[PDB]
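Peer 1: Mind looking over this structure? Questions follow.
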Amino acid sequence: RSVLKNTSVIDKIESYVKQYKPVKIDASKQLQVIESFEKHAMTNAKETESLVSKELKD
Amino acid sequence: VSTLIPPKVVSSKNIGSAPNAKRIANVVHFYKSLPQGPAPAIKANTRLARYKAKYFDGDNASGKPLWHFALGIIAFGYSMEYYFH
């Protein structure tokens, strides 16, 4: 800003940056899809685990 | 993106393996086999299971019953020689 001699447009873009200081807000979207996926995955994981464990002792 | 869920299902490496056929065979064959048996030679028991035990065991191929049976036939017709005399 001290480089520019036309400064009153550096004050403008400073205020534009500080205005638009939120440049995009938070994204958490893995909280609906992750749980659904986890239920089916857990079910299948446990089923396989139990089946083969049973077979091991068999 | 999220790793796919095919590896979490197994029911094609558990029934999809060849020794399964051998497994269901040898759980029946071996499990249901008495580890030991009753007695090898015992046929003709009347003190002639003893004859079998000394002579007709798989523990000998010794020529003694052959000799004995041969001598029996020698004794049979020879006695009848003196019966026909």
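Residue numbering restarts at 1 for every chain of the structure tokens, chains are lettered A, B, ... in their displayed order, and ligands are numbered from 1 as they appear.
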Within 8 Å of chain B, which residues of chain A are there when counting only C-alpha atoms? Please give them as a PyMOL selection string.

Peer 2: chain A and resi 41+44-45+47-48+52

Peer 1: Write a file of the selected residues as a tab-separated table (two decimals), in the first residue's frame, keeping N, CA and C atoms.

Peer 2:
```
chain	number	residue	atom	x	y	z
A	41	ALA	N	-22.00	-51.74	6.16
A	41	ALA	CA	-20.64	-52.21	6.24
A	41	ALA	C	-20.37	-53.00	7.48
A	44	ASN	N	-22.19	-56.52	7.37
A	44	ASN	CA	-21.47	-57.43	6.51
A	44	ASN	C	-20.15	-57.85	7.09
A	45	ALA	N	-19.42	-56.91	7.74
A	45	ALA	CA	-18.12	-57.14	8.33
A	45	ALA	C	-18.20	-58.16	9.44
A	47	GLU	N	-20.78	-60.31	9.98
A	47	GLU	CA	-21.27	-61.55	9.40
A	47	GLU	C	-20.16	-62.43	8.88
A	48	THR	N	-19.23	-61.83	8.10
A	48	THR	CA	-18.07	-62.50	7.56
A	48	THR	C	-17.18	-62.99	8.67
A	52	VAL	N	-16.41	-67.09	9.37
A	52	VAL	CA	-15.08	-67.64	9.26
A	52	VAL	C	-14.51	-68.05	10.59
```

Peer 1: Looking only at helix (DSSP H, G or I) from DSSP on the backbone, list the matching residues of range 3-85 of chain B as a PyMOL selection string.

Peer 2: chain B and resi 6-8+19-29+49-55+64-83

Peer 1: Could you write out that same residue set with N, CA and C atoms as a short mmCIF file (atom, residue, chain, number, x, y, z; two decimals), in the first residue's frame?

Peer 2:
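This is the output file selection-v3.cif:
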```cif
data_model
loop_
_atom_site.label_atom_id
_atom_site.label_comp_id
_atom_site.auth_asym_id
_atom_site.auth_seq_id
_atom_site.Cartn_x
_atom_site.Cartn_y
_atom_site.Cartn_z
N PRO B 6 -17.80 -55.05 -1.65
CA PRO B 6 -17.55 -56.46 -1.93
C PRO B 6 -16.63 -57.20 -0.99
N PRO B 7 -15.52 -56.71 -0.40
CA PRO B 7 -14.66 -57.56 0.41
C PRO B 7 -15.27 -57.90 1.76
N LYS B 8 -16.45 -57.33 2.12
CA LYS B 8 -17.01 -57.47 3.44
C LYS B 8 -18.03 -58.57 3.43
N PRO B 19 -11.40 -77.85 -1.00
CA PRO B 19 -11.25 -78.78 0.11
C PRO B 19 -12.49 -78.90 0.94
N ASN B 20 -13.55 -78.09 0.71
CA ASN B 20 -14.85 -78.18 1.36
C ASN B 20 -15.43 -79.55 1.13
N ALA B 21 -15.28 -80.06 -0.12
CA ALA B 21 -15.72 -81.38 -0.49
C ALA B 21 -14.99 -82.43 0.33
N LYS B 22 -13.66 -82.28 0.52
CA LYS B 22 -12.88 -83.16 1.37
C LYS B 22 -13.22 -83.05 2.83
N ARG B 23 -13.52 -81.82 3.30
CA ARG B 23 -13.85 -81.51 4.67
C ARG B 23 -15.06 -82.24 5.14
N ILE B 24 -16.17 -82.18 4.36
CA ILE B 24 -17.41 -82.80 4.76
C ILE B 24 -17.31 -84.30 4.68
N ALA B 25 -16.33 -84.82 3.90
CA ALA B 25 -16.01 -86.21 3.83
C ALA B 25 -15.31 -86.69 5.07
N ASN B 26 -14.26 -85.97 5.52
CA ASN B 26 -13.36 -86.45 6.55
C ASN B 26 -13.81 -86.04 7.93
N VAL B 27 -14.88 -85.21 8.06
CA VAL B 27 -15.57 -85.05 9.32
C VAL B 27 -16.46 -86.23 9.59
N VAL B 28 -16.92 -86.94 8.53
CA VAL B 28 -17.76 -88.09 8.71
C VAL B 28 -16.87 -89.27 8.89
N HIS B 29 -15.88 -89.47 7.98
CA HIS B 29 -14.99 -90.61 8.03
C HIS B 29 -14.18 -90.61 9.29
N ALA B 49 -10.31 -120.94 17.97
CA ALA B 49 -9.94 -119.57 17.70
C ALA B 49 -8.47 -119.49 18.02
N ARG B 50 -7.99 -120.38 18.94
CA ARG B 50 -6.60 -120.57 19.27
C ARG B 50 -5.84 -121.17 18.12
N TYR B 51 -6.48 -122.08 17.34
CA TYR B 51 -5.91 -122.66 16.15
C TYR B 51 -5.68 -121.57 15.12
N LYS B 52 -6.68 -120.66 14.97
CA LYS B 52 -6.65 -119.52 14.09
C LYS B 52 -5.62 -118.53 14.54
N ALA B 53 -5.47 -118.36 15.86
CA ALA B 53 -4.56 -117.42 16.44
C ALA B 53 -3.13 -117.83 16.23
N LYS B 54 -2.85 -119.14 16.24
CA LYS B 54 -1.51 -119.60 16.05
C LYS B 54 -1.16 -119.73 14.60
N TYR B 55 -2.17 -119.99 13.73
CA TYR B 55 -1.86 -120.45 12.39
C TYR B 55 -2.39 -119.56 11.31
N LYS B 64 2.74 -124.55 9.36
CA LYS B 64 2.11 -125.45 10.29
C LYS B 64 0.65 -125.85 10.07
N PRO B 65 -0.37 -125.05 9.73
CA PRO B 65 -1.72 -125.55 9.49
C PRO B 65 -1.79 -126.42 8.28
N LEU B 66 -1.02 -126.08 7.22
CA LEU B 66 -0.88 -126.86 6.02
C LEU B 66 -0.41 -128.24 6.34
N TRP B 67 0.69 -128.36 7.13
CA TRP B 67 1.19 -129.61 7.63
C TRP B 67 0.15 -130.38 8.40
N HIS B 68 -0.53 -129.70 9.35
CA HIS B 68 -1.55 -130.29 10.18
C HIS B 68 -2.71 -130.83 9.38
N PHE B 69 -3.22 -130.05 8.40
CA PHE B 69 -4.35 -130.44 7.59
C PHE B 69 -3.99 -131.57 6.66
N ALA B 70 -2.74 -131.55 6.12
CA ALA B 70 -2.22 -132.59 5.26
C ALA B 70 -2.15 -133.91 5.98
N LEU B 71 -1.64 -133.86 7.23
CA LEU B 71 -1.45 -134.99 8.11
C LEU B 71 -2.78 -135.57 8.49
N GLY B 72 -3.83 -134.73 8.53
CA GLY B 72 -5.19 -135.13 8.79
C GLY B 72 -5.73 -136.02 7.71
N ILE B 73 -5.45 -135.68 6.43
CA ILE B 73 -5.90 -136.42 5.27
C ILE B 73 -5.12 -137.70 5.15
N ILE B 74 -3.82 -137.69 5.55
CA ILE B 74 -3.00 -138.88 5.64
C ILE B 74 -3.56 -139.80 6.68
N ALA B 75 -4.09 -139.23 7.78
CA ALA B 75 -4.66 -139.97 8.88
C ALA B 75 -6.01 -140.50 8.52
N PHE B 76 -6.66 -139.92 7.49
CA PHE B 76 -8.04 -140.20 7.20
C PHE B 76 -8.03 -141.45 6.39
N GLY B 77 -7.39 -141.43 5.20
CA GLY B 77 -7.43 -142.57 4.34
C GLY B 77 -6.60 -143.71 4.85
N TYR B 78 -5.52 -143.45 5.63
CA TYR B 78 -4.67 -144.48 6.20
C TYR B 78 -5.39 -145.30 7.23
N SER B 79 -6.19 -144.64 8.11
CA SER B 79 -7.03 -145.32 9.07
C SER B 79 -8.07 -146.15 8.37
N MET B 80 -8.61 -145.63 7.25
CA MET B 80 -9.55 -146.35 6.45
C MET B 80 -8.91 -147.49 5.71
N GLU B 81 -7.59 -147.44 5.41
CA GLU B 81 -6.82 -148.56 4.91
C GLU B 81 -6.88 -149.72 5.85
N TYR B 82 -6.65 -149.47 7.16
CA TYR B 82 -6.75 -150.48 8.17
C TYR B 82 -8.18 -150.82 8.51
N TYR B 83 -9.17 -150.00 8.08
CA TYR B 83 -10.59 -150.30 8.19
C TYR B 83 -11.06 -151.16 7.03
#
```

Peer 1: At what distance in Å, to one decimal, does CA of residue 43 in chain A lie from CA of residue 58 in chain A?

Peer 2: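 A separation of 22.4 Å between them.
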
Peer 1: Go ahead and compute the interatomic distance for CA of residue 59 in chain B and CA of residue 46 in chain B, in Å to one decimal.

Peer 2: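 These atoms are spaced 20.6 Å apart.
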